[PDB]
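Peer 1: Hey, dropping coords29.txt in here, compact mmCIF, N, CA and C atoms:
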```
# COMPACT_ATOMS: atom_id res chain seq x y z
N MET A 1 -3.72 -15.04 19.83
CA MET A 1 -3.35 -14.64 18.44
C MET A 1 -4.55 -13.95 17.79
N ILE A 2 -4.29 -12.88 17.04
CA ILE A 2 -5.35 -12.13 16.38
C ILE A 2 -5.96 -12.84 15.16
N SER A 3 -7.10 -12.34 14.70
CA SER A 3 -7.83 -12.91 13.56
C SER A 3 -7.01 -13.12 12.29
N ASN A 4 -7.47 -14.04 11.45
CA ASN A 4 -6.80 -14.34 10.19
C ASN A 4 -6.89 -13.15 9.25
N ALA A 5 -8.01 -12.44 9.30
CA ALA A 5 -8.19 -11.26 8.45
C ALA A 5 -7.13 -10.20 8.76
N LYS A 6 -6.84 -10.01 10.05
CA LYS A 6 -5.86 -9.03 10.49
C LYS A 6 -4.43 -9.43 10.17
N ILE A 7 -4.16 -10.73 10.15
CA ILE A 7 -2.82 -11.21 9.81
C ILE A 7 -2.61 -10.88 8.34
N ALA A 8 -3.67 -11.05 7.56
CA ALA A 8 -3.62 -10.77 6.13
C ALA A 8 -3.38 -9.27 5.89
N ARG A 9 -3.97 -8.42 6.72
CA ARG A 9 -3.80 -6.97 6.57
C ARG A 9 -2.38 -6.57 6.93
N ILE A 10 -1.85 -7.17 7.99
CA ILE A 10 -0.48 -6.90 8.42
C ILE A 10 0.46 -7.22 7.26
N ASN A 11 0.23 -8.36 6.61
CA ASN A 11 1.08 -8.76 5.49
C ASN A 11 0.94 -7.79 4.32
N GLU A 12 -0.28 -7.34 4.04
CA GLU A 12 -0.48 -6.40 2.93
C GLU A 12 0.25 -5.09 3.16
N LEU A 13 0.15 -4.56 4.37
CA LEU A 13 0.81 -3.30 4.71
C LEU A 13 2.32 -3.46 4.81
N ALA A 14 2.77 -4.63 5.25
CA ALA A 14 4.19 -4.89 5.34
C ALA A 14 4.76 -4.82 3.93
N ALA A 15 4.02 -5.35 2.97
CA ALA A 15 4.44 -5.34 1.57
C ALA A 15 4.49 -3.91 1.03
N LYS A 16 3.50 -3.09 1.40
CA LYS A 16 3.49 -1.71 0.95
C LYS A 16 4.68 -0.96 1.54
N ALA A 17 5.02 -1.27 2.78
CA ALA A 17 6.15 -0.63 3.46
C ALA A 17 7.46 -0.91 2.73
N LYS A 18 7.69 -2.18 2.42
CA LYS A 18 8.91 -2.58 1.72
C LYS A 18 8.98 -1.94 0.32
N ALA A 19 7.82 -1.78 -0.31
CA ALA A 19 7.76 -1.18 -1.64
C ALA A 19 7.85 0.35 -1.60
N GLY A 20 7.80 0.92 -0.40
CA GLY A 20 7.88 2.37 -0.26
C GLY A 20 6.64 3.12 -0.73
N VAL A 21 5.49 2.46 -0.70
CA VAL A 21 4.25 3.10 -1.13
C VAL A 21 3.24 3.28 0.00
N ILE A 22 3.57 2.79 1.19
CA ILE A 22 2.65 2.90 2.31
C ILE A 22 2.37 4.35 2.70
N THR A 23 1.10 4.67 2.94
CA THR A 23 0.72 6.04 3.31
C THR A 23 0.84 6.21 4.82
N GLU A 24 0.74 7.46 5.29
CA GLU A 24 0.83 7.73 6.73
C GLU A 24 -0.34 7.10 7.48
N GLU A 25 -1.52 7.08 6.85
CA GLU A 25 -2.69 6.49 7.49
C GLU A 25 -2.50 4.98 7.62
N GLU A 26 -1.86 4.38 6.62
CA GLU A 26 -1.62 2.94 6.64
C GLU A 26 -0.54 2.60 7.67
N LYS A 27 0.44 3.48 7.84
CA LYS A 27 1.51 3.26 8.82
C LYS A 27 0.92 3.22 10.22
N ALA A 28 -0.01 4.13 10.48
CA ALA A 28 -0.68 4.20 11.78
C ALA A 28 -1.51 2.93 11.95
N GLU A 29 -2.18 2.53 10.88
CA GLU A 29 -3.00 1.33 10.92
C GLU A 29 -2.09 0.13 11.24
N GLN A 30 -0.94 0.06 10.57
CA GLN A 30 -0.01 -1.04 10.79
C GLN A 30 0.49 -1.07 12.23
N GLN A 31 0.77 0.10 12.79
CA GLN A 31 1.25 0.16 14.17
C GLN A 31 0.22 -0.39 15.13
N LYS A 32 -1.04 -0.01 14.92
CA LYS A 32 -2.12 -0.49 15.77
C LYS A 32 -2.23 -2.01 15.65
N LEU A 33 -2.13 -2.52 14.43
CA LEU A 33 -2.21 -3.97 14.22
C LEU A 33 -1.03 -4.71 14.84
N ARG A 34 0.16 -4.12 14.74
CA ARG A 34 1.36 -4.73 15.30
C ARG A 34 1.25 -4.81 16.82
N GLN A 35 0.54 -3.86 17.42
CA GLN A 35 0.35 -3.86 18.86
C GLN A 35 -0.68 -4.93 19.21
N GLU A 36 -1.72 -5.05 18.38
CA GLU A 36 -2.74 -6.07 18.61
C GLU A 36 -2.12 -7.45 18.44
N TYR A 37 -1.19 -7.58 17.51
CA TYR A 37 -0.53 -8.86 17.27
C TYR A 37 0.33 -9.27 18.47
N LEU A 38 1.13 -8.34 18.98
CA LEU A 38 2.01 -8.60 20.12
C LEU A 38 1.20 -8.94 21.37
N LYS A 39 0.04 -8.32 21.50
CA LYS A 39 -0.84 -8.55 22.65
C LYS A 39 -1.39 -9.97 22.58
N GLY A 40 -1.85 -10.36 21.39
CA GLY A 40 -2.38 -11.70 21.21
C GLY A 40 -1.29 -12.73 21.33
N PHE A 41 -0.05 -12.30 21.09
CA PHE A 41 1.08 -13.21 21.17
C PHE A 41 1.51 -13.46 22.62
N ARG A 42 1.56 -12.40 23.42
CA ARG A 42 1.95 -12.52 24.82
C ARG A 42 0.93 -13.41 25.53
N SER A 43 -0.33 -13.24 25.16
CA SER A 43 -1.42 -14.02 25.74
C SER A 43 -1.23 -15.49 25.41
N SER A 44 -0.87 -15.77 24.16
CA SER A 44 -0.65 -17.15 23.71
C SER A 44 0.58 -17.75 24.38
N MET A 45 1.60 -16.93 24.62
CA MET A 45 2.82 -17.40 25.26
C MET A 45 2.55 -17.79 26.70
N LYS A 46 1.49 -17.24 27.27
CA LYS A 46 1.12 -17.53 28.64
C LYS A 46 0.76 -19.00 28.79
N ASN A 47 0.11 -19.56 27.77
CA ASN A 47 -0.28 -20.97 27.82
C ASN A 47 0.73 -21.91 27.15
N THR A 48 1.75 -21.34 26.52
CA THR A 48 2.77 -22.16 25.88
C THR A 48 3.88 -22.37 26.90
N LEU A 49 3.94 -21.45 27.86
CA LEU A 49 4.93 -21.50 28.92
C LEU A 49 4.67 -22.73 29.78
N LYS A 50 3.40 -23.07 29.93
CA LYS A 50 2.98 -24.23 30.72
C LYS A 50 3.30 -25.55 30.01
N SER A 51 4.59 -25.80 29.79
CA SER A 51 5.01 -27.03 29.13
C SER A 51 6.50 -27.28 29.37
N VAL A 52 6.90 -28.54 29.25
CA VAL A 52 8.28 -28.94 29.46
C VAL A 52 9.07 -28.93 28.15
```
Show the structure stored in the file as structure tokens.
Peer 2:
Amino acid sequence: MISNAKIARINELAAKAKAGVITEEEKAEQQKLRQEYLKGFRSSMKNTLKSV
């Protein structure tokens, strides 16, 4: 899972997106973060799989 600071940024940009004020630079930033989030998630799922 990615840093707490980055989760906070994802939430901030998600809010801008819903409000329709997000810029193109922020959209690109959000995409990069969403990829970093999914990567940290797949990694975490690797050790969550090891359970009954």
Peer 1: Given 8 Å on each side, where is the centre and what are the edge lengths in Å to one decimal of the axis-aligned box enclosing the listed atoms of range 16-30 of chain A, as AutoDock Vina command-line options?
Peer 2:
```
--center_x 3.0 --center_y 2.3 --center_z 5.3 --size_x 28.0 --size_y 26.8 --size_z 29.9
```
Peer 1: Give me the residues near range 24-39 of chain A as a PyMOL selection string, where near means some atom within 10 Å (using only C-alpha atoms) and where sequence neighbours in that chain fewer than 6 positions away do not count.
Peer 2: chain A and resi 1-3+6-7+9-14+16-17+45
Peer 1: If you measure from CA of residue 43 in chain A to atom N of residue 4 in chain A, what distance in Å do you get, rounded to one decimal?
Peer 2: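 Atom N of residue 4 in chain A lies 15.5 Å from CA of residue 43 in chain A.
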Peer 1: Using atom N of residue 8 in chain A and CA of residue 47 in chain A as the two end points, give the distance in Å to one decimal.
Peer 2: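 Those two atoms sit 22.8 Å apart.
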Peer 1: Assign secondary structure with DSSP using the backbone only, and return the residues of chain A in alpha helix (DSSP H) as an MDAnalysis selection string.
Peer 2: chainID A and resid 4:19 24:48
Peer 1: Just the number, please: distance in Å from CA of residue 41 in chain A to atom C of residue 5 in chain A, one decimal.
Peer 2: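 Going from CA of residue 41 in chain A over to atom C of residue 5 in chain A, I get 15.2 Å.
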